[PDB]
Structures are given as C-alpha cells and as structure tokens.
Participant: 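Please see the structure below; I have some questions.
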Amino acid sequence: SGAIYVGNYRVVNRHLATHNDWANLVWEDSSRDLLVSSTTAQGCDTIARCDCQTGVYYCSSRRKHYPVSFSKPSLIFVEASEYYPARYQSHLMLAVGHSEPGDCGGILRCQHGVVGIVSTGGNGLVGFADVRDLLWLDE
Ligand SMILES: COc1cccc(SC(C)C)c1NC(=O)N1CCC[C@H](C(N)=O)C1
Ligand SMILES: [Zn+2]
C-alpha cells in the first residue's frame, strides 16, 4: 500500500484505489496502473522533473529503503493477475530489488523528488509506475 500526496491530489495504484478515490476521480489509466483523486488537504510531497535512473525506494515487506538503478519508462509485458488481464503496462521502470505482493504504492525518490510508485515485481525485480511526465500534478 501507499500513495503520493501533492497539492490537492492523491496518486495511488489504480488496482488499490478505494471507493472514495473513485468518487473523487481526477484521472486514471489502466495501462499505467495509476489513479489520481482529489483531496481537501494540501499534500506533503513534491514531484521530480528529471531523467534520473537511480534513486531509493521504500519496501514495506522489509520495512526498509533500498537504493536502485532503474530502466527508463517503457512498455513492458505484465502477466495476468486478479486485477488485470495479461497486457503491456506503459511508463513502467524496472530495477533489481526485493518486492512482494503488498509492496505496491511504496515511493521511489531521487534527489529531485518523487519519481514514482511500486506497481509490479517478480523474482528479485521491482517495477515502478513513473509519474514525472504528469506535469499537471504541480498546478
Ligand atoms: C509488487 O508486486 C509484485 C511483487 C512480486 C510479485 C508479484 S506477482 C507474483 C505472482 C509474481 C507482484 N505483483 C505484481 O507484479 N502485480 C500484481 C498486482 C497488479 C500489478 C500490475 N501493475 O499489473 C502486477
Ligand atoms: Zn532526479
């Protein structure tokens, strides 16, 4: 679990969005596994606007942060789950690092701010949904 709170927006994994997220929907994209809902309170986070390919992510299944080198946002095949059919997920960045089901939503940060959130994983891999191209989050 986990979310980004920036301005009057809450960014979550689309597959973990709540009834309240859908009732206050701003934007969603199943191909990216992202959903953004509106909030009444001002957020605590800021978003990176950069091309960093290294950073640090929070891994809830270890209660720890780990450093990672990750690929540029791209279209990657993701196997069927209870949440989605087999498909290509876009704007996804892969890295070597621990992740399990439950780790989705953990934040990836570089020196410039929030880069994205955990969205997929596998046998020693962790994948992140990028948010750096969503310029409207800042206004
Ligand atoms: C952090 O997520 C994981 C980590 C290790 C393993 C796993 S599936 C295990 C059966 C190999 C997963 N789960 C996932 O990759 N997803 C299930 C939830 C939806 C995700 C999506 N964006 O489509 C895909
Ligand atoms: Zn950066």
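Note that the numbering runs from 1 along the sequence shown for the chain.
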Participant: Search all heavy atoms of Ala95 against all heavy atoms of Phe70 and return the closest pair with its distance.
Facilitator: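 Heavy atoms of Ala95 and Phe70 come nearest at CB-CB, 3.9 Å.
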Participant: Show the nearest heavy-atom pair for residues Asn13 and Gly105, with the distance to one decimal.
Facilitator: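 Minimum heavy-atom contact is OD1-N, 2.9 Å.
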Participant: Strictly below 4.0 Å, N to O, side chains only: are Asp133 and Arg32 in salt-bridge contact?
Facilitator: yes
Participant: Do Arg10 and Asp21 meet the salt-bridge criterion of a basic N to acidic O distance under 4.0 Å?
Facilitator: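 Salt bridge between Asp21 and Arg10, a charged N being under 4.0 Å from a carboxylate O: yes.
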Participant: Please assess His98 against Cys59 for the test side chain to side chain contact (heavy atoms under 4.5 Å, CB included), listing each intermediate value before the final yes or no.
Facilitator: CA-CA 7 Å; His98 181 67; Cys59 174; 3.7 Å; yes
Participant: Within a strict 4.5 Å, meaning less than it, do heavy atoms of the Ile47 and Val131 side chains meet?
Facilitator: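 Yes, their side chains come closer than 4.5 Å.
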Participant: Could you go step by step and tell me if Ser31 and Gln89 meet the side chain to side chain contact (heavy atoms under 4.5 Å, CB included) rule?
Facilitator: CA-CA 5 Å; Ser31 76; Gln89 176 163 320; over 6 Å; no
Participant: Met93 and side-chain contact (heavy atoms from CB on, under 4.5 Å): which single residue from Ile76, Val126, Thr120, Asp130 fits?
Facilitator: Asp130
Participant: With heavy-atom distances below 4.5 Å as the criterion, would you say the side chains of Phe128 and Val118 are in contact?
Facilitator: yes
Participant: Might you work through the side chain to side chain contact (heavy atoms under 4.5 Å, CB included) test for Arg14 and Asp33, ending with a clear yes or no?
Facilitator: CA-CA 5 Å; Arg14 190 191 185 272; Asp33 185 42; 3.9 Å; yes
Participant: Is there a donor-acceptor pair closer than 3.5 Å between any side-chain N or O of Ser71 and the backbone N or O of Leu94?
Facilitator: yes
Participant: Mind listing the closest non-hydrogen atom pair of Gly121 and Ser99 along with its distance?
Facilitator: CA-OG, 3.3 Å
Participant: Any salt bridge between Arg49 and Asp138, counting N to O under 4.0 Å?
Facilitator: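 Salt bridge: yes.
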Participant: Can you find a heavy atom in the side chain of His112 that is under 4.5 Å from one in the side chain of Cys50?
Facilitator: yes
Participant: Can you see whether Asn20 engages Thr18 through a side-chain donor-acceptor pair at a distance of less than 3.5 angstrom?
Facilitator: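 Distance-only check fails for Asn20 and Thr18.
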Participant: Could you check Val68 against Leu108 for side chain to side chain contact (heavy atoms under 4.5 Å, CB included), going step by step and ending with a plain yes or no?
Facilitator: CA-CA 9 Å; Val68 279; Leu108 170 63; 3.6 Å; yes
Participant: Is the shortest heavy-atom distance from the side chain of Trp136 to the side chain of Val26 under 4.5 Å?
Facilitator: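 Yes, their side chains come closer than 4.5 Å.
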Participant: Look only at the side chain of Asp103 and the backbone of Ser61, and say whether a donor-acceptor pair between them is shorter than 3.5 Å.
Facilitator: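 Flag set: sc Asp103 to bb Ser61 pair under 3.5 Å.
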Participant: Decide whether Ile117 and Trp27 are clustered together by the hydrophobic rule: side chain heavy atoms of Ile, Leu, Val, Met, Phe, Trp, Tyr closer than 4.5 Å, transitively.
Facilitator: yes
Participant: Are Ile107 and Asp45 side-chain neighbours, meaning at least one heavy-atom pair lies under 4.5 Å?
Facilitator: yes
Participant: Should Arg63 and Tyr58 count as side-chain neighbours, where that means a heavy-atom distance under 4.5 Å?
Facilitator: yes
Participant: Starting at OH of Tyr9, measure out to CG of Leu134 and round the result to the nearest 0.5 Å.
Facilitator: 10.5 Å
Participant: Can you see which heavy atom on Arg132 is nearest to which on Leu135, and at what distance?
Facilitator: O-CD2, 3.7 Å
Participant: Could you tell me which non-hydrogen atom of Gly127 sits nearest to which non-hydrogen atom of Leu92, and how far apart they are?
Facilitator: C-CD1, 3.9 Å
Participant: Do you know which two heavy atoms are closest between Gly2 and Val12, and how far apart they sit?
Facilitator: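 Distance-wise, the nearest heavy atoms are O-CG1, 4.2 Å.
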Participant: In the structure I gave you, are the side-chain heavy atoms of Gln53 and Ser69 within less than 4.5 Å of one another anywhere?
Facilitator: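 They are not in contact (no side-chain heavy atoms under 4.5 Å apart), so the answer is no.
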Participant: Would you verify whether the NZ or CZ of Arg62 falls within 45 degrees of the ring axis of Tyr66 while also being under 6.0 Å from that six-membered ring's centre?
Facilitator: no
Participant: Within the structure provided, determine whether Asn24 and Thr39 are in side-chain contact (heavy-atom separation under 4.5 Å).
Facilitator: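 They are not in contact (no side-chain heavy atoms under 4.5 Å apart), so the answer is no.
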